[PDB]
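See below for my_file-v7.pdb, which holds PDB, C-alpha atoms.
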```pdb
ATOM      1  CA  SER K   1      -2.635  13.168   6.114
ATOM      2  CA  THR K   2       0.047  10.694   5.132
ATOM      3  CA  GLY K   3       0.514   6.939   5.005
ATOM      4  CA  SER K   4       3.566   4.680   5.008
ATOM      5  CA  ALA K   5       3.592   0.936   4.389
ATOM      6  CA  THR K   6       6.299  -1.648   3.928
ATOM      7  CA  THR K   7       6.274  -3.634   0.689
ATOM      8  CA  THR K   8       7.861  -7.101   0.641
ATOM      9  CA  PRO K   9       8.978  -9.350  -2.210
ATOM     10  CA  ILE K  10       6.810 -12.456  -2.611
ATOM     11  CA  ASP K  11       9.769 -14.723  -3.334
ATOM     12  CA  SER K  12      13.538 -14.865  -3.681
ATOM     13  CA  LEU K  13      13.430 -13.430  -7.227
ATOM     14  CA  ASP K  14      11.373 -10.313  -6.428
ATOM     15  CA  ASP K  15       8.708 -11.577  -8.844
ATOM     16  CA  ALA K  16       6.262  -9.137  -7.227
ATOM     17  CA  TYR K  17       5.783  -7.154  -4.018
ATOM     18  CA  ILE K  18       2.960  -7.296  -1.485
ATOM     19  CA  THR K  19       1.838  -4.567   0.865
ATOM     20  CA  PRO K  20      -0.610  -5.077   3.736
ATOM     21  CA  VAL K  21      -3.927  -3.260   3.341
ATOM     22  CA  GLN K  22      -6.708  -2.947   5.951
ATOM     23  CA  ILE K  23     -10.232  -3.366   4.532
ATOM     24  CA  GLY K  24     -13.484  -3.091   6.445
ATOM     25  CA  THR K  25     -14.578  -2.834  10.058
ATOM     26  CA  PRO K  26     -13.157  -4.586  11.992
ATOM     27  CA  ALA K  27     -10.119  -4.572   9.742
ATOM     28  CA  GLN K  28      -9.460  -7.457   7.412
ATOM     29  CA  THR K  29      -5.803  -7.297   6.390
ATOM     30  CA  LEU K  30      -5.017  -8.504   2.874
ATOM     31  CA  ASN K  31      -1.638  -8.454   1.138
ATOM     32  CA  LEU K  32      -2.087  -6.602  -2.130
ATOM     33  CA  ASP K  33       0.114  -6.064  -5.162
ATOM     34  CA  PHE K  34       0.384  -2.300  -5.629
ATOM     35  CA  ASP K  35       0.223  -1.749  -9.375
ATOM     36  CA  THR K  36       0.972   1.651 -10.953
ATOM     37  CA  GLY K  37       0.030   0.100 -14.312
ATOM     38  CA  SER K  38      -3.678  -0.498 -13.543
ATOM     39  CA  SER K  39      -6.508   1.172 -11.697
ATOM     40  CA  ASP K  40      -8.669  -1.448 -10.002
ATOM     41  CA  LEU K  41      -8.480  -2.398  -6.343
ATOM     42  CA  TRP K  42      -9.692  -5.986  -6.389
ATOM     43  CA  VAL K  43      -9.502  -8.766  -3.850
ATOM     44  CA  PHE K  44      -9.984 -12.464  -3.355
ATOM     45  CA  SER K  45     -13.192 -12.728  -1.373
ATOM     46  CA  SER K  46     -15.906 -14.893   0.092
ATOM     47  CA  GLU K  47     -17.503 -14.653  -3.380
ATOM     48  CA  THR K  48     -14.536 -16.071  -5.296
ATOM     49  CA  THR K  49     -15.241 -19.467  -6.909
ATOM     50  CA  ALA K  50     -13.967 -21.893  -4.283
ATOM     51  CA  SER K  51     -11.896 -23.977  -6.729
ATOM     52  CA  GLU K  52     -10.000 -20.785  -7.694
ATOM     53  CA  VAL K  53      -8.867 -19.977  -4.150
ATOM     54  CA  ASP K  54      -5.699 -21.729  -2.975
ATOM     55  CA  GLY K  55      -4.209 -20.224   0.154
ATOM     56  CA  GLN K  56      -5.098 -16.555  -0.331
ATOM     57  CA  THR K  57      -6.604 -14.468   2.431
ATOM     58  CA  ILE K  58     -10.117 -13.432   1.458
ATOM     59  CA  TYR K  59     -12.221 -10.358   2.108
ATOM     60  CA  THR K  60     -15.640 -11.189   3.501
ATOM     61  CA  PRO K  61     -17.910  -8.144   3.088
ATOM     62  CA  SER K  62     -20.683  -9.650   5.259
ATOM     63  CA  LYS K  63     -18.283  -9.445   8.239
ATOM     64  CA  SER K  64     -17.623  -5.739   7.697
ATOM     65  CA  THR K  65     -20.063  -3.315   9.279
ATOM     66  CA  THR K  66     -18.950  -0.581   6.860
ATOM     67  CA  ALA K  67     -19.288  -2.668   3.670
ATOM     68  CA  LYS K  68     -22.047  -1.693   1.236
ATOM     69  CA  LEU K  69     -22.880  -3.407  -2.053
ATOM     70  CA  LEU K  70     -22.392  -0.978  -4.939
ATOM     71  CA  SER K  71     -25.609  -2.018  -6.564
ATOM     72  CA  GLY K  72     -25.421  -3.027 -10.194
ATOM     73  CA  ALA K  73     -21.681  -2.518 -10.501
ATOM     74  CA  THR K  74     -19.433  -5.129 -12.081
ATOM     75  CA  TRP K  75     -15.822  -5.261 -13.160
ATOM     76  CA  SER K  76     -13.628  -7.324 -15.432
ATOM     77  CA  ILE K  77      -9.953  -6.833 -16.141
ATOM     78  CA  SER K  78      -7.274  -8.453 -18.269
ATOM     79  CA  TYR K  79      -3.558  -7.862 -17.791
ATOM     80  CA  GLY K  80      -0.604  -7.970 -20.179
ATOM     81  CA  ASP K  81       0.472 -11.455 -19.120
ATOM     82  CA  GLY K  82      -2.923 -12.801 -20.116
ATOM     83  CA  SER K  83      -4.237 -13.079 -16.557
ATOM     84  CA  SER K  84      -7.693 -11.851 -15.600
ATOM     85  CA  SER K  85     -10.328 -11.493 -12.905
ATOM     86  CA  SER K  86     -13.878 -10.218 -12.570
ATOM     87  CA  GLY K  87     -16.717  -9.782 -10.116
ATOM     88  CA  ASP K  88     -18.930  -7.273  -8.314
ATOM     89  CA  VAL K  89     -18.212  -4.264  -6.101
ATOM     90  CA  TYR K  90     -18.555  -3.083  -2.517
ATOM     91  CA  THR K  91     -17.607   0.224  -0.986
ATOM     92  CA  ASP K  92     -15.763   0.009   2.316
ATOM     93  CA  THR K  93     -13.106   1.664   4.434
ATOM     94  CA  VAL K  94      -9.570   0.982   3.218
ATOM     95  CA  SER K  95      -6.382   1.928   5.030
ATOM     96  CA  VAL K  96      -2.782   1.753   3.864
ATOM     97  CA  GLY K  97      -0.023   2.459   6.321
ATOM     98  CA  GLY K  98      -2.228   4.630   8.530
ATOM     99  CA  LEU K  99      -3.914   6.520   5.673
ATOM    100  CA  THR K 100      -7.658   5.908   5.559
ATOM    101  CA  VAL K 101     -10.117   6.301   2.713
ATOM    102  CA  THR K 102     -13.825   5.832   3.352
ATOM    103  CA  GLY K 103     -16.142   4.761   0.532
ATOM    104  CA  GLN K 104     -13.374   3.110  -1.486
ATOM    105  CA  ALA K 105     -14.550   0.790  -4.254
ATOM    106  CA  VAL K 106     -13.382  -2.698  -3.304
ATOM    107  CA  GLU K 107     -13.847  -5.001  -6.266
ATOM    108  CA  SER K 108     -14.739  -8.487  -5.083
ATOM    109  CA  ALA K 109     -13.547 -11.281  -7.355
ATOM    110  CA  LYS K 110     -16.053 -13.892  -8.408
ATOM    111  CA  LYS K 111     -13.559 -15.367 -10.894
ATOM    112  CA  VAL K 112      -9.778 -15.256 -11.162
ATOM    113  CA  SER K 113      -7.501 -16.833 -13.761
ATOM    114  CA  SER K 114      -5.126 -19.672 -12.986
ATOM    115  CA  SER K 115      -2.021 -17.538 -12.437
ATOM    116  CA  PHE K 116      -3.780 -15.697  -9.598
ATOM    117  CA  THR K 117      -5.027 -18.923  -8.029
ATOM    118  CA  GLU K 118      -1.524 -20.369  -8.252
ATOM    119  CA  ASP K 119       0.035 -17.469  -6.372
ATOM    120  CA  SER K 120      -0.984 -17.959  -2.748
ATOM    121  CA  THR K 121       0.926 -14.871  -1.624
ATOM    122  CA  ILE K 122      -1.097 -12.218  -3.508
ATOM    123  CA  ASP K 123      -4.583 -11.528  -2.122
ATOM    124  CA  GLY K 124      -5.437  -8.980  -4.792
ATOM    125  CA  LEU K 125      -4.262  -5.832  -6.571
ATOM    126  CA  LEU K 126      -4.347  -2.156  -5.644
ATOM    127  CA  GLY K 127      -4.203  -0.043  -8.769
ATOM    128  CA  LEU K 128      -2.335   3.259  -8.793
ATOM    129  CA  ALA K 129      -2.564   4.285 -12.445
ATOM    130  CA  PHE K 130      -5.089   6.938 -13.475
ATOM    131  CA  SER K 131      -8.741   6.321 -12.676
ATOM    132  CA  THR K 132      -9.664   6.609 -16.349
ATOM    133  CA  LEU K 133      -8.501   2.947 -16.649
ATOM    134  CA  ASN K 134     -10.777   1.655 -13.890
ATOM    135  CA  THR K 135     -12.991  -1.135 -15.249
ATOM    136  CA  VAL K 136     -16.054  -0.793 -13.027
ATOM    137  CA  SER K 137     -19.278  -0.530 -15.023
ATOM    138  CA  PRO K 138     -21.640   1.292 -15.397
ATOM    139  CA  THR K 139     -20.081   3.828 -13.018
ATOM    140  CA  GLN K 140     -16.306   4.041 -13.196
ATOM    141  CA  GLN K 141     -14.607   4.196  -9.801
ATOM    142  CA  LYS K 142     -11.625   6.081  -8.415
ATOM    143  CA  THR K 143      -8.334   4.603  -7.244
ATOM    144  CA  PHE K 144      -7.249   4.654  -3.620
ATOM    145  CA  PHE K 145      -4.772   7.429  -4.443
ATOM    146  CA  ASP K 146      -7.326   9.592  -6.235
ATOM    147  CA  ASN K 147      -9.750   9.247  -3.341
ATOM    148  CA  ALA K 148      -6.987  10.075  -0.830
ATOM    149  CA  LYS K 149      -5.380  12.880  -2.816
ATOM    150  CA  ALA K 150      -7.208  15.904  -1.479
ATOM    151  CA  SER K 151      -6.562  14.831   2.121
ATOM    152  CA  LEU K 152      -2.847  14.231   1.627
ATOM    153  CA  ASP K 153      -0.273  16.740   2.803
ATOM    154  CA  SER K 154       1.085  16.701  -0.767
ATOM    155  CA  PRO K 155      -0.657  15.001  -3.736
ATOM    156  CA  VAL K 156       2.061  12.368  -4.239
ATOM    157  CA  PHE K 157       3.006   8.803  -3.539
ATOM    158  CA  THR K 158       6.456   7.246  -3.699
ATOM    159  CA  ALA K 159       7.713   3.753  -4.548
ATOM    160  CA  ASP K 160      10.948   2.577  -2.952
ATOM    161  CA  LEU K 161      11.228  -1.081  -3.919
ATOM    162  CA  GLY K 162      14.000  -3.235  -2.513
ATOM    163  CA  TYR K 163      16.323  -5.643  -4.269
ATOM    164  CA  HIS K 164      15.850  -8.947  -2.469
ATOM    165  CA  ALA K 165      14.641  -6.874   0.481
ATOM    166  CA  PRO K 166      11.609  -4.995   1.774
ATOM    167  CA  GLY K 167      10.896  -1.451   0.645
ATOM    168  CA  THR K 168       8.312   1.247   1.191
ATOM    169  CA  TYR K 169       5.257   2.913  -0.330
ATOM    170  CA  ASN K 170       4.595   6.400   1.095
ATOM    171  CA  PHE K 171       1.526   8.521   0.483
ATOM    172  CA  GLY K 172       1.420  12.291   0.867
ATOM    173  CA  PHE K 173       5.089  13.065   1.541
ATOM    174  CA  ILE K 174       8.595  12.676   0.174
ATOM    175  CA  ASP K 175      11.033  11.047   2.602
ATOM    176  CA  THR K 176      14.190  13.005   1.970
ATOM    177  CA  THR K 177      16.241  10.409   3.907
ATOM    178  CA  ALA K 178      15.313   7.628   1.466
ATOM    179  CA  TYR K 179      17.408   8.711  -1.527
ATOM    180  CA  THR K 180      20.798  10.148  -2.423
ATOM    181  CA  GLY K 181      21.460  13.285  -4.423
ATOM    182  CA  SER K 182      18.500  15.058  -5.988
ATOM    183  CA  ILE K 183      15.221  13.953  -7.536
ATOM    184  CA  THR K 184      14.958  14.570 -11.283
ATOM    185  CA  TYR K 185      11.439  15.209 -12.447
ATOM    186  CA  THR K 186      10.183  14.402 -15.902
ATOM    187  CA  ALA K 187       6.946  14.974 -17.823
ATOM    188  CA  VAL K 188       4.031  12.555 -17.796
ATOM    189  CA  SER K 189       1.410  11.859 -20.417
ATOM    190  CA  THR K 190      -1.878  10.575 -18.999
ATOM    191  CA  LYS K 191      -3.387  10.031 -22.468
ATOM    192  CA  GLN K 192      -3.304   6.211 -22.139
ATOM    193  CA  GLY K 193      -4.122   6.233 -18.416
ATOM    194  CA  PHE K 194      -0.565   5.317 -17.376
ATOM    195  CA  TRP K 195       2.382   7.028 -15.710
ATOM    196  CA  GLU K 196       3.884   7.401 -19.178
ATOM    197  CA  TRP K 197       7.155   9.265 -19.621
ATOM    198  CA  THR K 198      10.152   9.439 -21.958
ATOM    199  CA  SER K 199      13.574   8.247 -20.946
ATOM    200  CA  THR K 200      16.463  10.141 -22.519
ATOM    201  CA  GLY K 201      18.525   7.049 -23.326
ATOM    202  CA  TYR K 202      20.598   4.155 -22.064
ATOM    203  CA  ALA K 203      24.007   2.624 -21.524
ATOM    204  CA  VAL K 204      25.140  -0.975 -21.219
ATOM    205  CA  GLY K 205      27.709  -1.650 -18.503
ATOM    206  CA  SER K 206      30.585   0.821 -18.708
ATOM    207  CA  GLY K 207      29.670   1.668 -22.302
ATOM    208  CA  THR K 208      28.922   5.095 -23.674
ATOM    209  CA  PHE K 209      25.488   6.570 -23.115
ATOM    210  CA  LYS K 210      23.200   6.503 -26.146
ATOM    211  CA  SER K 211      20.915   9.518 -26.323
ATOM    212  CA  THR K 212      17.576   8.367 -27.601
ATOM    213  CA  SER K 213      13.982   8.933 -26.566
ATOM    214  CA  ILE K 214      12.263   5.871 -25.093
ATOM    215  CA  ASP K 215       8.603   6.315 -24.270
ATOM    216  CA  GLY K 216       7.368   3.954 -21.578
ATOM    217  CA  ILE K 217       5.406   3.507 -18.377
ATOM    218  CA  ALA K 218       6.478   3.308 -14.765
ATOM    219  CA  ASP K 219       4.765   0.084 -13.725
ATOM    220  CA  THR K 220       5.255  -1.408 -10.273
ATOM    221  CA  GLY K 221       2.943  -4.286 -11.218
ATOM    222  CA  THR K 222       5.255  -5.591 -13.952
ATOM    223  CA  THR K 223       8.310  -7.580 -12.835
ATOM    224  CA  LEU K 224      10.769  -6.982 -15.662
ATOM    225  CA  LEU K 225      12.098  -4.162 -17.832
ATOM    226  CA  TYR K 226      10.618  -4.284 -21.352
ATOM    227  CA  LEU K 227      12.376  -2.125 -23.940
ATOM    228  CA  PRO K 228      12.720  -1.885 -27.734
ATOM    229  CA  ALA K 229      14.341  -4.849 -29.443
ATOM    230  CA  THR K 230      17.319  -2.741 -30.536
ATOM    231  CA  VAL K 231      18.104  -1.754 -26.929
ATOM    232  CA  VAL K 232      17.622  -5.267 -25.563
ATOM    233  CA  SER K 233      19.819  -6.793 -28.267
ATOM    234  CA  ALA K 234      22.562  -4.318 -27.431
ATOM    235  CA  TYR K 235      22.349  -5.326 -23.761
ATOM    236  CA  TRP K 236      22.413  -9.109 -24.232
ATOM    237  CA  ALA K 237      25.167  -8.908 -26.860
ATOM    238  CA  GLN K 238      27.483  -8.065 -23.924
ATOM    239  CA  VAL K 239      26.734 -11.389 -22.215
ATOM    240  CA  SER K 240      28.560 -14.416 -23.601
ATOM    241  CA  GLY K 241      26.129 -17.135 -24.566
ATOM    242  CA  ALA K 242      22.985 -15.050 -24.165
ATOM    243  CA  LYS K 243      20.263 -15.662 -26.709
ATOM    244  CA  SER K 244      16.586 -15.088 -27.329
ATOM    245  CA  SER K 245      14.663 -18.335 -26.979
ATOM    246  CA  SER K 246      11.173 -18.587 -28.455
ATOM    247  CA  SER K 247      10.638 -21.821 -26.523
ATOM    248  CA  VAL K 248      11.387 -20.134 -23.198
ATOM    249  CA  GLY K 249       9.759 -16.843 -24.215
ATOM    250  CA  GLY K 250      12.624 -14.376 -24.107
ATOM    251  CA  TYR K 251      16.299 -13.815 -23.537
ATOM    252  CA  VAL K 252      18.138 -16.410 -21.486
ATOM    253  CA  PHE K 253      21.796 -16.466 -20.482
ATOM    254  CA  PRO K 254      24.309 -18.882 -18.921
ATOM    255  CA  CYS K 255      23.797 -18.951 -15.174
ATOM    256  CA  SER K 256      27.614 -18.767 -14.917
ATOM    257  CA  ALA K 257      27.620 -15.219 -16.362
ATOM    258  CA  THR K 258      28.348 -11.972 -14.599
ATOM    259  CA  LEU K 259      25.740  -9.554 -15.938
ATOM    260  CA  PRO K 260      26.610  -5.967 -16.843
ATOM    261  CA  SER K 261      24.670  -3.048 -15.423
ATOM    262  CA  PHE K 262      22.080  -1.128 -17.423
ATOM    263  CA  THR K 263      21.701   2.637 -17.163
ATOM    264  CA  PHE K 264      18.594   4.597 -18.161
ATOM    265  CA  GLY K 265      18.248   8.329 -18.588
ATOM    266  CA  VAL K 266      15.876  10.615 -16.726
ATOM    267  CA  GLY K 267      16.455  14.035 -18.216
ATOM    268  CA  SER K 268      20.151  14.724 -17.697
ATOM    269  CA  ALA K 269      20.231  12.275 -14.766
ATOM    270  CA  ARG K 270      21.077   8.560 -14.877
ATOM    271  CA  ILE K 271      19.733   5.573 -12.968
ATOM    272  CA  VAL K 272      21.990   2.520 -12.823
ATOM    273  CA  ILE K 273      20.474  -0.940 -12.571
ATOM    274  CA  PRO K 274      23.159  -3.287 -11.209
ATOM    275  CA  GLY K 275      23.730  -6.461 -13.177
ATOM    276  CA  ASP K 276      22.500  -8.678 -10.347
ATOM    277  CA  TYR K 277      19.024  -7.054 -10.608
ATOM    278  CA  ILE K 278      18.738  -8.470 -14.142
ATOM    279  CA  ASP K 279      19.165 -12.122 -13.048
ATOM    280  CA  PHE K 280      15.863 -14.008 -12.688
ATOM    281  CA  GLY K 281      17.512 -17.352 -12.143
ATOM    282  CA  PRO K 282      17.190 -20.791 -13.684
ATOM    283  CA  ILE K 283      14.414 -21.152 -16.254
ATOM    284  CA  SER K 284      13.434 -24.390 -14.498
ATOM    285  CA  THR K 285      14.733 -25.915 -11.279
ATOM    286  CA  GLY K 286      18.332 -27.079 -11.694
ATOM    287  CA  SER K 287      18.808 -25.579 -15.137
ATOM    288  CA  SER K 288      22.012 -23.768 -16.049
ATOM    289  CA  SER K 289      20.050 -21.440 -18.329
ATOM    290  CA  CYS K 290      18.904 -18.327 -16.506
ATOM    291  CA  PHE K 291      16.103 -15.929 -17.433
ATOM    292  CA  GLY K 292      16.927 -12.318 -18.209
ATOM    293  CA  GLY K 293      15.371  -9.334 -16.477
ATOM    294  CA  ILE K 294      15.521  -7.108 -19.547
ATOM    295  CA  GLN K 295      13.248  -8.299 -22.339
ATOM    296  CA  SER K 296      11.904  -7.001 -25.636
ATOM    297  CA  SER K 297       8.686  -4.979 -25.666
ATOM    298  CA  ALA K 298       8.054  -5.835 -29.317
ATOM    299  CA  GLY K 299       4.536  -7.199 -29.535
ATOM    300  CA  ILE K 300       3.532  -5.685 -26.188
ATOM    301  CA  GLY K 301       2.941  -2.354 -27.877
ATOM    302  CA  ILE K 302       4.445  -0.310 -25.051
ATOM    303  CA  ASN K 303       7.779  -0.064 -23.230
ATOM    304  CA  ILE K 304       7.508  -0.939 -19.532
ATOM    305  CA  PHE K 305       9.786   0.275 -16.761
ATOM    306  CA  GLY K 306       8.834  -2.516 -14.379
ATOM    307  CA  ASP K 307      10.294  -3.511 -11.013
ATOM    308  CA  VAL K 308      13.768  -4.304 -12.416
ATOM    309  CA  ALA K 309      14.126  -0.618 -13.308
ATOM    310  CA  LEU K 310      12.062   0.975 -10.541
ATOM    311  CA  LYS K 311      13.799  -0.860  -7.700
ATOM    312  CA  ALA K 312      17.059   0.854  -8.696
ATOM    313  CA  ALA K 313      15.473   4.208  -7.822
ATOM    314  CA  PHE K 314      13.388   6.209  -5.412
ATOM    315  CA  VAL K 315      10.366   7.048  -7.553
ATOM    316  CA  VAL K 316       7.920   9.905  -7.001
ATOM    317  CA  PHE K 317       4.479   9.660  -8.543
ATOM    318  CA  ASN K 318       3.365  13.295  -8.498
ATOM    319  CA  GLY K 319      -0.409  13.561  -8.842
ATOM    320  CA  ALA K 320      -0.554  17.355  -8.936
ATOM    321  CA  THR K 321      -2.852  18.989 -11.514
ATOM    322  CA  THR K 322      -0.154  18.364 -14.125
ATOM    323  CA  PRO K 323       1.284  15.030 -13.057
ATOM    324  CA  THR K 324       5.017  14.299 -13.236
ATOM    325  CA  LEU K 325       7.426  11.491 -12.281
ATOM    326  CA  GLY K 326      10.568  11.917 -10.222
ATOM    327  CA  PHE K 327      13.571   9.599 -10.025
ATOM    328  CA  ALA K 328      16.485   9.642  -7.611
ATOM    329  CA  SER K 329      19.319   7.232  -6.969
ATOM    330  CA  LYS K 330      19.387   5.579  -3.546
TER     331      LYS K 330
END
```

Please rewrite the model in this file as structure tokens.
Amino acid sequence: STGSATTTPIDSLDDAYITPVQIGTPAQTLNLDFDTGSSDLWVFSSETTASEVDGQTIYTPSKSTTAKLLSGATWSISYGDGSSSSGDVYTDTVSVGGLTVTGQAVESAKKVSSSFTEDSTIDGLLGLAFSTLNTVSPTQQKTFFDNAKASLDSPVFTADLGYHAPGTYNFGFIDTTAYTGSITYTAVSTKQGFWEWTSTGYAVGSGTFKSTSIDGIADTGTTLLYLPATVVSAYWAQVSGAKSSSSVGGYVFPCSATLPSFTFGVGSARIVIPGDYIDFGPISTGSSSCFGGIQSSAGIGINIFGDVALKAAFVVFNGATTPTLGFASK
């Protein structure tokens, strides 16, 4: 089997991407944030505290003839931006882009933090990291991809995120028309539950490539590119007027600037992030200070190749017995 679904930015800055997902019988379609950095499929639901729902589409298990309470199971998750959610669990039929999994754990939110409430466009998350991170207790549950894997034509999914445009998530096949040149594959460590890999270095603009190992994760659920302070300083030093602002919470730059590109290494291959991808616009409406898309990972504890990086590439998440990651230009 295979599946193919379009993923669409939630706003004009590509702050996140939503992908329609069919849950239950008859189908209830929710727009979920596919997140290769976590491993819970959770949704706004008929159980979510009413004051914490503000425009989201909700899953109502009592209206699904295939929904079953997973008795005794609960979940609770916190993310790197300090957001959180928690609740109980149903199993139900879940389809993405024509690919159907029966008996998928669908985690129903009883509580969500303010940032989720405040984002009316995201109806929940669909985790695509390794199932070892799944938070369901006392019986840990599998991700949609893990459940689907054995039925897929090939045990892979691909992320093809657009810059200010829709893109695609494919399951079970590699669309050889969706990228240019060849795909360079690189080793993955699953020790922390992530799609963790090591970039071979970076360049800023037309500058020389610096060979250096940068361990990080391929995370579709994180907006920006978070890298070591040394690397980030070298990038922003090429932008007149750019500075790190503790009050804003990162690097900002004059909105009048033309940003240089940023290149990262994948083995001997190179992925180029155009400068425009690194512009996240005014820090507040009408401001002439703009927020940077490359930020320091110091104090996160991990480097994160988020959407800013991933959207510059066609990315293969290879879930074979020894997982790997592939990157191609596009």

Select from segment 102-218 of chain K every residue with an atom at most 12 Å from any atom of segment 48-65 of chain K, then for each give the shortest pair of atoms and their distance in Å to one decimal, using all atoms listed in the file, rows by chain and rising number, as a tab-separated table.
```
residue	atom	partner	partner_atom	distance
K:106	CA	K:59	CA	9.5
K:107	CA	K:59	CA	10.1
K:108	CA	K:48	CA	7.6
K:109	CA	K:48	CA	5.3
K:110	CA	K:48	CA	4.1
K:111	CA	K:48	CA	5.7
K:112	CA	K:52	CA	6.5
K:113	CA	K:52	CA	7.7
K:114	CA	K:52	CA	7.3
K:115	CA	K:52	CA	9.8
K:116	CA	K:52	CA	8.3
K:117	CA	K:52	CA	5.3
K:118	CA	K:54	CA	6.9
K:119	CA	K:54	CA	7.9
K:120	CA	K:55	CA	4.9
K:121	CA	K:56	CA	6.4
K:122	CA	K:56	CA	6.7
K:123	CA	K:56	CA	5.4
K:124	CA	K:56	CA	8.8
```

Top pick for closest residue to residue 88 of chain K, considering K:130, K:263, K:135, K:248 and counting only C-alpha atoms: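 That would be K:135, the residue with the smallest distance to residue 88 of chain K.
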
Point-to-point distance from atom CA of residue 266 of chain K to atom CA of residue 186 of chain K, Å rounded to tenths: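 Going from atom CA of residue 266 of chain K over to atom CA of residue 186 of chain K covers 6.9 Å.
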
The PyMOL selection byres ((chain K and resi 68-77) around 12) applied to the shown file, residues as a ChimeraX atom specification: /K:24-25,38-43,60-67,78-93,102-113,125,127,133-141

Å distance separating atom CA of residue 225 of chain K from atom CA of residue 254 of chain K, one decimal place: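 Between atom CA of residue 225 of chain K and atom CA of residue 254 of chain K the gap is 19.2 Å.
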
Ground truth for the PyMOL selection byres ((chain K and resi 320) around 12), written as a list in words: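 Checked against the file, the PyMOL selection byres ((chain K and resi 320) around 12) matches residues 145, 146, 149, 150, 152, 153, 154, 155, 156, 157, 172, 187, 188, 316, 317, 318, 319, 321, 322, 323, 324 and 325 of chain K.
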